[PDB]
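Enquirer: Give me the fold of what follows.
(chains A, B, C, D, E, F, G, H, I, J, K and L, ligands or ions: 28)
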Amino acid sequence: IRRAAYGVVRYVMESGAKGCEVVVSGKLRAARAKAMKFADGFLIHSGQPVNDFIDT
Amino acid sequence: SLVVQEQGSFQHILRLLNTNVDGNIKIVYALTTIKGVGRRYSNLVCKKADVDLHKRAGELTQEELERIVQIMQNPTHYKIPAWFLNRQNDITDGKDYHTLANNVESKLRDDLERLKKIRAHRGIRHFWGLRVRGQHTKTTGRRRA
Amino acid sequence: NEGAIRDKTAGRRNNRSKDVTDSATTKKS
Amino acid sequence: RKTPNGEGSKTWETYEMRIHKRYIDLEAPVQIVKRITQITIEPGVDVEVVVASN
Amino acid sequence: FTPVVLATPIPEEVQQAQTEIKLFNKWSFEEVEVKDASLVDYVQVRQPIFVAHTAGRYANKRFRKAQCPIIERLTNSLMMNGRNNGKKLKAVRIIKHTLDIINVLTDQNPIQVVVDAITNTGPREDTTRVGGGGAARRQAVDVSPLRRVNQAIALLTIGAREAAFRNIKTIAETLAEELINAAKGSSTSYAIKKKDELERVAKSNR
Amino acid sequence: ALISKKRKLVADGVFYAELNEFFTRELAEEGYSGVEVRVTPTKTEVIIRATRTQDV
Amino acid sequence: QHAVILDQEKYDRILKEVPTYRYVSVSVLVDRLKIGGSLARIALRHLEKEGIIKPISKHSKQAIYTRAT
Amino acid sequence: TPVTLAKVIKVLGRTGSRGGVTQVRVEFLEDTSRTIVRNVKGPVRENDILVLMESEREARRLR
Amino acid sequence: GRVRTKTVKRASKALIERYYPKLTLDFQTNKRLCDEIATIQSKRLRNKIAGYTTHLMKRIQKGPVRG
Amino acid sequence: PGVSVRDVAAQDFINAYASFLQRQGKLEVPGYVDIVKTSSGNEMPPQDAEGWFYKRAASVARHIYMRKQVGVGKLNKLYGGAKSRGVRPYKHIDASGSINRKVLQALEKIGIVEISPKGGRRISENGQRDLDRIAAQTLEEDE
Amino acid sequence: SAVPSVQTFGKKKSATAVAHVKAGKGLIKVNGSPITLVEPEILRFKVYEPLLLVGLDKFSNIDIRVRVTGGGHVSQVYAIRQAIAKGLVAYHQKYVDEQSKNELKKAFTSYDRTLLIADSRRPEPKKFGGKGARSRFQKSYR
RNA sequence: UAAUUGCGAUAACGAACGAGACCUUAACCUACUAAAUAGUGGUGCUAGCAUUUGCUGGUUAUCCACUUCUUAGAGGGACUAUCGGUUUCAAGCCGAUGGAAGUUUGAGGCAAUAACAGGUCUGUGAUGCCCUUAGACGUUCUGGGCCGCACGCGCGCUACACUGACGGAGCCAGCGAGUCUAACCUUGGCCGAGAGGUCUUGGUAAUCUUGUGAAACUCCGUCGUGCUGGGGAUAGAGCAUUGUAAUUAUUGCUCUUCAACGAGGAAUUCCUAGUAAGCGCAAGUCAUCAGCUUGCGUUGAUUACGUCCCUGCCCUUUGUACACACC
Ligand SMILES: [Mg+2]
Ligand SMILES: [Mg+2]
Ligand SMILES: [Mg+2]
Ligand SMILES: [Mg+2]
Ligand SMILES: [Mg+2]
Ligand SMILES: [Mg+2]
Ligand SMILES: [Mg+2]
Ligand SMILES: [Mg+2]
Ligand SMILES: [Mg+2]
Ligand SMILES: [Mg+2]
Ligand SMILES: [Mg+2]
Ligand SMILES: [Mg+2]
Ligand SMILES: [Mg+2]
Ligand SMILES: [Mg+2]
Ligand SMILES: [Mg+2]
Ligand SMILES: [Mg+2]
Ligand SMILES: [Mg+2]
Ligand SMILES: [Mg+2]
Ligand SMILES: [Mg+2]
Ligand SMILES: [Mg+2]
Ligand SMILES: [Mg+2]
Ligand SMILES: [Mg+2]
Ligand SMILES: [Mg+2]
Ligand SMILES: [Mg+2]
Ligand SMILES: [Mg+2]
Ligand SMILES: [Mg+2]
Ligand SMILES: [Mg+2]
Ligand SMILES: [Mg+2]
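Expert: Numbering: from 1, shown residues only, chains lettered A, B, ... in the order given. Ligands and ions are numbered 1, 2, ... in the order given. Please see the structure below:
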């Protein structure tokens, strides 16, 4: 999942994006479920600028 | 002005329907002390007796009471429609009465005991002491006395 | 419905005579 | 309800759709209406046209 | 006063002194003095009003509450205890009815009678709560001039509502009764009794 | 036909998302992205966006 | 009780008393007299014809009466 | 009742554990020199008239 | 309360630096000034930048200011 | 110079009007008229054992004066209040259906109102007469 | 008829009140009824206020007819005294004088309640969890 | 400072996320553009009432006019402005003037990092493992049950009445919804005391239902403080409506029945201004049913302009043998 998500980042970053984020949550390896976050660049989470800019 | 006096023509606490009427209140709200007489069934009877509705019980006459008796136990006669009567289409009889006086619960015990022998579920509830119109007895009416 | 209304047993005054168990008030874990 | 199932403090959302209607009245024949209405068009908009009177 | 007339009747009982002096329901605000200058500036007779209604902005500010035509400060204290909540149309009638009885028994200006009845029933010094962790002890203070107006109006209005509860008398009657019994303190006033029930207990603890 | 404009615009958006979801099922491997709907008073225009527009 | 009729001791007790009050209303007549207050309503309307009780204000609920002048 | 009035000079603290009492020092309305600090219940501002009983008192802090 | 954030201050601080002679003690003119020499995405944001930079002005016309 | 009914106090207007219709005696008020509550949500029959029907119907014509054409349901809603549901909340319940209608059916026999264009009921020329007439009669009753 | 005119309005809560101000013999009538027949009637002097402040005389050369929409019994009454008082500013704004105008705005403000100034207050919305805007539901705990 | 919000102090310097900005709504515009699905002036065809004329109603296409109210695109407007007082005469707060607007303008939307074995497998053809899979735990059909009542508790509705009830009379909103291979919102007419029935109809909707003629409230009158005509539980009897089907009363109507409740112990909840509370209406569910909810407006206050005492959260100091972190 790391070498999967990591590649998705650099792609999007090499795609001319101001920033990217990947959230992988689940059963990843074994037994207990845990979340893994992958983000690079710059991105804003807050106001209406979320509507017009971030695409999720 | 209603301010008239008279003298000794006034009598309070008279009996009606083998029950005893209040001395002074507006006659519609007076006769209602008899079970089987509501705030209206007295209002419509008093009108048909040509009695002043804004007179008081101790007033009127001795005979005006005896006419109020007639309209009460003969309600279908005096233009009072059937739907103003509690007894409409009385079971087996089919006739529209108005059960009055101390005769009210005697007729009530009658239909009660009637469907007690029918042994319908609605009646069994009465025998058990429960609610009949009912709905949820779960949280309600507890410490019923 | 015969034994139902013939039942002495089941009633209101019947249940109203004996009193409530201790289980009405109990909870947690 | 915000919440699927029943749990939590009771939290709702107000979802809004907004319809804006506006109309124009013109006098113009077959060589105008048929030509001007077909070419001027937008997705996300719904045009309509009226027979005379009724 | 050159009583002119125009395309509408503007009847005469109305058409009179409105341009001379500003009357109450019908009463004046001249010849009414505040009993003692403490609660002056905190009791407002000095900008007259016709009938007691306003668009209240009064609650926006701390002391803007003092700028109200106290009759209206009194009126609002009437609409409460449940079923009266929000109703000022039954309130102004309850005040106007009250004043007519006030100007029956004691004459004067019923608004100067309220001014008298208020200034009397505002407690001068008060008792407070101080600690010790359950051991109740009271260090006497002196309650603010503004609070005297607020506290008097309550006790007067609450005293009349209470005595008028299961009694046949009107709210207006008990309002005037309490107000006149407070014109000079008659000790029958509910607001008078509870007033000494503060001031007396004050000095006893200090 | 001829229903309220309140009801008409509702019925389109559902009909949009019904297809938008449907196209996201069959076309997933094909690199699907999003869809558009343009109603001309001739036919109806359903325009697809996709990464591999060849296999589509 | 409160004597909801008129006894002619009433009427005579009434008329030689009532104008003394400089405030009379629905409640007053049940207080200083023994009357029933529905008669106080019919009294004030009968006592209205002569200025024995002269009006001040009137409402379905309250109305004010001061001494005859 | 001897009483007296007092004009307000300045606001200082709000004492009491719940913070329901304000502190002020007051010119006597008679002697515009003399000033004694007092505690009050309701809200107070500069230039308003307090009716004191004990003309000395002055006890400062409360809990 | 009425405290102005840093984007405002850090702008108004840098406006007076390079624009001082062309800036005034009138807000409403400096408002119109802000739309010319500067670019501000929303109207309301501009008024605050003008409103502080005139407040920053009236102190710099009252004396030397530190920042 | 001149009067209308809009220059007249609403309640005291009907009084002079209603009793004048009770003086006139020609209405044909319905045969029941003592057994009805006027509203599904009114607990007791109207208190007036004399004509409330002249009282009511006069107000009907009064209201009819202002607006254009008003029907039975508009009137049964116009005459209405809250109905006590007992131990439940209050919902507003419209008046009796056979009253306001049968009122209007006895309001044409006086020539006061005529069945109207666009449906409903509108005042005629004669009703306008008696309306504006008793108006001044109660306007100049200041004596 | 032959008249020029000016028309203004006033608002209290959801009530809007429109007054037509033109020449005439001085008829003041709201909803086709005399100003004396507004029947909250305990508020009668509230709608009479805009007249008596400036004087009863100056309504002779001017005419006003009024109609009210929206609100409730009390909210409309506050709007008409705003409809009349702001109808008087205009007849003296255009048809006579500014010095004879400022002697209203200065005379109206000294008594101002509603009158020539608008009411800034509106209702505010309900949030979930309570029957009111601010108020919440009662809560249990244990 | 509402804010790690700023000012200052400064081995720190300069920026990013979150806050703020931003966005939605409610407030202002006699300035921009308009309008028969908005109104308003005017012109004609017509009544009443008084006649110098006036004043109030009626008539969409009878003709022409205006955009103030109404609608929404464009913008403008506030920035805490001006002034005063305090404080590093700093960020700031405080005061009055003006201002539609001066508690971030009121109310919201969205909302970092990280946490919980919180809830959800009974929203899902989202799901892993196990279970059952043909006399099934699939599915369907008939009936019952989920509502069953000695009782314990939580959200509530109705009340104890005279600042009321009742009976009449006065006629005032706003957010809304409404019928295709169809039966939705129902003005108007008639029949029925009522609930209703029927004949009509306008509208796919700023047109028509709808000015939703709503409720509280206002006014006149009736009752007279008496568990009273407050109160409406319970129960009887009859009439309608939904619906294959209403018995274990679906809902409504009418008559009679007329209970406890006379202001609620120790405890405890919600709330600072068009807010509390009172009051209804619309929509959600809905064939039928609201004592529920989401919103709406109506009537309109008491009291604060505070503190850290009770109850919690927040930082910093501090201590640890804890780190699966005081389960
Ligand atoms: Mg934000
Ligand atoms: Mg009855
Ligand atoms: Mg009742
Ligand atoms: Mg009514
Ligand atoms: Mg009820
Ligand atoms: Mg920083
Ligand atoms: Mg940020
Ligand atoms: Mg704008
Ligand atoms: Mg300054
Ligand atoms: Mg979030
Ligand atoms: Mg989140
Ligand atoms: Mg768990
Ligand atoms: Mg097998
Ligand atoms: Mg259940
Ligand atoms: Mg529990
Ligand atoms: Mg709860
Ligand atoms: Mg009383
Ligand atoms: Mg009533
Ligand atoms: Mg509306
Ligand atoms: Mg009783
Ligand atoms: Mg519903
Ligand atoms: Mg059900
Ligand atoms: Mg629910
Ligand atoms: Mg605070
Ligand atoms: Mg605070
Ligand atoms: Mg603490
Ligand atoms: Mg608590
Ligand atoms: Mg150690």
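
Enquirer: from here on, contacts and neighbour counts on C-alpha atoms
Expert: Noted.

Enquirer: Do you have the helices of the chain handy? List them.
Expert: Went with chain A since none was named. A:2-14, A:49-52 (DSSP state H).

Enquirer: oops, chain G please
Expert: Using DSSP H, helices in chain G cover G:9-15, G:26-31, G:38-46.

Enquirer: Quick check: which of these is nearest to residue B:60?
Expert: helix G:38-46 (17.6 Å; Cα to Cα).

Enquirer: circling back to that earlier point, out of the helices of chain A, nearest to ligand 17?
Expert: With Cα to the ion as the measure, helix A:49-52 is the member of the helices of chain A nearest ligand 17 (62.4 Å).

Enquirer: can I assume residue K:108 sits in a helix?
Expert: Yes: counting by DSSP: H, G, I helix; E, B strand; the rest coil, residue K:108 falls inside a helix.

Enquirer: how about it, what does it touch?
Expert: For residue K:108, the contacting residues are K:50, K:53, K:54, K:85, K:115, K:116, by Cα atoms under 8 Å, 6 or more residues apart in numbering or on different chains.

Enquirer: so the residue of chain D found nearest chain E, which of the three states?
Expert: Nearest residue of chain D to chain E: residue D:10, at 29.0 Å (Cα to the nearest Cα). Following three-state DSSP, the label given to residue D:10 is coil.

Enquirer: before we move on, the earlier item: chain E is nearest to which of the helices of chain G?
Expert: Going by Cα to the nearest Cα, the one of the helices of chain G nearest chain E is helix G:26-31, 5.7 Å.

Enquirer: Could you confirm whether the helix ranked longest in chain E reaches chain H?
Expert: Using DSSP H to define each element, chain E has its longest helix at helix E:145-163. Yes: using Cα under 8 Å from any Cα of the partner chain, helix E:145-163 reaches chain H at E:145, E:146, E:147.

Enquirer: about what we covered before: may I see the helices of chain A arranged in a markdown table, with mean neighbour count and distance to chain E as well?
Expert: A markdown table is the format used below for those (neighbours: other Cα atoms under 10 Å in any protein chain shown; distance: least, Cα to the nearest Cα, whole Å):
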| stretch | mean neighbour count | distance to chain E |
| --- | --- | --- |
| helix A:2-14 | 14 | 54 |
| helix A:49-52 | 10 | 36 |
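
Enquirer: Tell me which of those helices lies nearest to chain K.
Expert: Closest among those, using Cα to the nearest Cα: helix A:49-52, at 24.4 Å.

Enquirer: Are that closest one and RNA strand L in contact anywhere?
Expert: Yes: counting by Cα under 7 Å from any atom of the strand, RNA strand L has neighbours in helix A:49-52: A:49, A:50.

Enquirer: show me where chain F has helices.
Expert: Using DSSP H, helices in chain F cover F:5-26.

Enquirer: Can you name the residue of it nearest to chain C?
Expert: Scanning chain F for proximity to chain C using Cα to the nearest Cα identifies residue F:21 as nearest, at 45.6 Å.

Enquirer: need the contact list for that residue.
Expert: No contacts exist for residue F:21 under Cα under 8 Å, 6+ apart.

Enquirer: distance of it from residue F:13?
Expert: Residue F:21 is 12 Å from residue F:13, where distance means Cα to Cα, to the nearest Å.

Enquirer: just to revisit the earlier point, surely the residue of chain D closest to chain E and residue K:129 touch.
Expert: Yes: assessed by Cα atoms under 8 Å, residue D:10 is found in contact with residue K:129 at 7.2 Å.

Enquirer: returning to that earlier point: roughly how far does the residue of chain F closest to chain C sit from residue J:2?
Expert: Distance, residue F:21 to residue J:2, by Cα to Cα: 75 Å.

Enquirer: wait, residue G:25 sits on residue G:66?
Expert: No: shown here, residue G:25 and residue G:66 do not form a contact pair, counting by Cα under 8 Å, at 9.1 Å.

Enquirer: Residue I:23 touches residue I:16, doesn't it?
Expert: Yes: Residue I:23 is within contact range of residue I:16, at 7.2 Å (criterion: Cα under 8 Å).

Enquirer: Regarding chain H, what is its longest strand?
Expert: Secondary structure of chain H per DSSP state E: the longest strand is strand H:5-15.

Enquirer: Give the other helices and strands that it contacts.
Expert: strand H:21-27, strand H:50-51 (3 or more Cα pairs under 8 Å, 6 or more residues apart in numbering or on different chains; DSSP states H and E).

Enquirer: Residues contacting stretch H:54-62, please?
Expert: For stretch H:54-62, the external contacting residues (Cα under 8 Å, 6+ apart) are E:130, E:139, H:3, H:4, H:15, H:16, H:17, H:36, H:37, H:38, H:39.

Enquirer: Buried ones among these?
Expert: Buried members of the contacts of stretch H:54-62, counted by 16 or more other Cα atoms under 10 Å in any protein chain shown: E:130, E:139, H:15, H:16, H:37, H:38, H:39.

Enquirer: Contacts only, for the third one.
Expert: Contact partners of residue H:15, counting by Cα under 8 Å, 6+ apart, are H:21, H:22, H:23, H:61, H:62, H:63.

Enquirer: Residue of chain B closest to ligand 5, please.
Expert: Closest point on chain B to ligand 5, by Cα to the ion, is residue B:39, at 17.6 Å.

Enquirer: State the number of residues packed around residue 23.
Expert: Picked chain A for this. With neighbours defined by other Cα atoms under 10 Å in any protein chain shown, the count for residue A:23 comes to 11.

Enquirer: let's do chain C instead
Expert: Applying other Cα under 10 Å, we find 7 residues neighbouring residue C:23.

Enquirer: Assign it to helix, strand or coil.
Expert: Following three-state DSSP, we place residue C:23 in the helix state.

Enquirer: May I have the phi/psi pair for the residue nearest to residue E:201 when sequence neighbours are not counted?
Expert: Nearest residue to residue E:201 in three dimensions, chain neighbours excluded: residue E:127, at 7.2 Å (Cα to Cα, 6 or more residues apart in numbering or on different chains). In terms of degrees, to the nearest 10, the main-chain angles of residue E:127 are phi -110, psi 150.

Enquirer: so what's residue E:127 up against?
Expert: Taking Cα under 8 Å, 6+ apart as the contact definition, residue E:127 lies against E:138, E:139, E:140, E:141, E:142, E:198, E:199, E:201, E:202, E:205.
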